[PDB]
């Protein structure tokens, strides 16, 4: 099984001019690797892919992949509405030395199931790289059901996992049973912090979640405990992870929260986010601080 464990959706750090902050992004990558994460996912939802252009995405992926310099596995999110661009971005990631790609379903038109299967088979066929599906139905308006994912796993041997982003035990349980019952080594990662423990107890593989950025040690330690057979210890970390997502309510989009949390937990970076996101105000920044306090994360 590929891309198991704790794989944070890394924030892209920008300067006040809205340009890739290389020193800041590099420093975050290095903090993460040292914290013992199992890989790194650039240009996910939290990486701000949907607010960046194609050439910015390429320059960021290239910088990120080069800086990681093969210390851990690197995933690049290459999805969008423009299918020709998805292929372009996917082929670029392979060429640039990425280890896999993460592909969201098209999220403007909710395309027919025939067109959807066709779309994923086309992007899978454009690269020799492993492909991770990305389900985030709150944003897309179109669920990748366990049956559809099994159909895709059946069709293409490089479709090898899913980031399932949903506040639903049922969806995760059903994803694991249906897809991993057919394909034991297909990887299921939850996209929310507070589902990581259940995902592992269900037979899934880890998490790609926001708190990987500012509190990686919690998910890293939970995974270690679980793999060590120390379930009480794992549950202690899960208790923290249960409370973290309160902070995400502070703004929508909450990419600003995540970066402000990185700063508060001890890594000074610029916290600039791209429009239509906006800076987090001082009150809500203070609120974020007391929440991290109250969880001993800072």
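Residue numbers count along the first chain shown, from 1.
Between the stretches 246-254 and 27-35, it is 246-254 that shows the larger average CA temperature factor. For the pair 63-71 and 236-244, the mean Cα B-factor is higher in 63-71. Across the options 202, 114, 132, 139, the residue with the most elevated CA B-factor in the record is 132. When the C-alpha B-factors of 13, 288, 16, 10 are ranked from the entry, the top spot goes to 16. Among the modelled residues of its chain, residue 231 has a C-alpha B-factor that falls in the highest third according to the deposited record.
When the CA B factors of the chain's modelled residues are split into thirds, the value for residue 80 lands in the middle one. Annotation for residue 184: C-alpha temperature factor in the highest third relative to the rest of the modelled chain, per the entry. When the CA B factors of the chain's modelled residues are split into thirds, the value for residue 263 lands in the middle one. Remark: residue 2 belongs to the highest third of its chain, ranked by C-alpha B-factor as recorded.
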